[PDB]
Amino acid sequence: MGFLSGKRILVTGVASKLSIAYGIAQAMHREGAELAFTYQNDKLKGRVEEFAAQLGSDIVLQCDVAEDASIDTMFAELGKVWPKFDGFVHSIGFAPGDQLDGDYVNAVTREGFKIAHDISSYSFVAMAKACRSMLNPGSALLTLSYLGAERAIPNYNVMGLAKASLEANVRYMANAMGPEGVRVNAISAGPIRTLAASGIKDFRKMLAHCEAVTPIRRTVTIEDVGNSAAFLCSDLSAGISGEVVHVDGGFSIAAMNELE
């Protein structure tokens, strides 16, 4: 049992035990949710089937959100076992690595901009389009954003724009799907060393600096994010939609804390 008791939730973006999505699925399973999982490529298929089985799940489906056909086929497959379900977790963010390195205006390109927005923002509503009919009243959709949406952060570059697009997507999706009984929210997570840190310069220094100046004096964990995510996909959060909830330890609401 748990406060996600009679709920069936699809979880994207589990790539490793460090993934934010892994922490979310963990917390959701602990709270009684029945889970289903997607995986981007075949390289990831073995790993996700394993994590799903640890969390009581036989439903592991391929989904590359670059492709409308892949999304449709995956929801068609899901419908064979979950004719209806209660929402999904969107934990997919991507820009070509060279976009995330230097001066933003020099780094950004039309293609890097296109990919970053396509994969990190459009895919969320593409997923909602494809399963809109499958959602129960009381369903909840969730995505992961970052402070780069609201502030100019060195090297985050075009992902910052893509996350700002995603946060607007949350609002427009909540406004369109609310009347039929679906809520849509985001968590704006503090930095976490996941595979999304691969190749990012000065990530350790960024983490240290966050730990010093966040009001809770630590960086957040996939367990912190998972607990908030479970809440936001549960009926306990029935009054919250279209909201970007900061799960950052309070980092974003303070300033000039570094000066001791």
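Throughout, we count residues from 1 along the sequence that is shown. Rigid core (definition): largest C-alpha set, two forms, superposition within 1.5 Å.
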Fitting on the core, do the C-alphas of 185 to 193 or of 167 to 175 deviate more in 5 other deposited structures of this protein? 185 to 193
Please establish whether a third or more of the other compared PDB entries omit coordinates for residue 202. yes
Ranked by mean Cα B-factor in the entry, 168 to 176 and 76 to 84, top stretch is 76 to 84
Once you work out the mean C-alpha B-factor for both 18 to 26 and 234 to 242 from the entry, which is higher? 18 to 26
Sorting 196, 66, 229, 35 by Cα temperature factor from the record, which one lands on top? 35
118, 150, 111, 101, ranked by C-alpha B-factor: the highest one: 101
Of the three thirds of its chain by CA temperature factor, lowest, middle or highest, which one includes residue 160? lowest
B-factor third for the C-alpha atom of residue 137 within its chain: highest
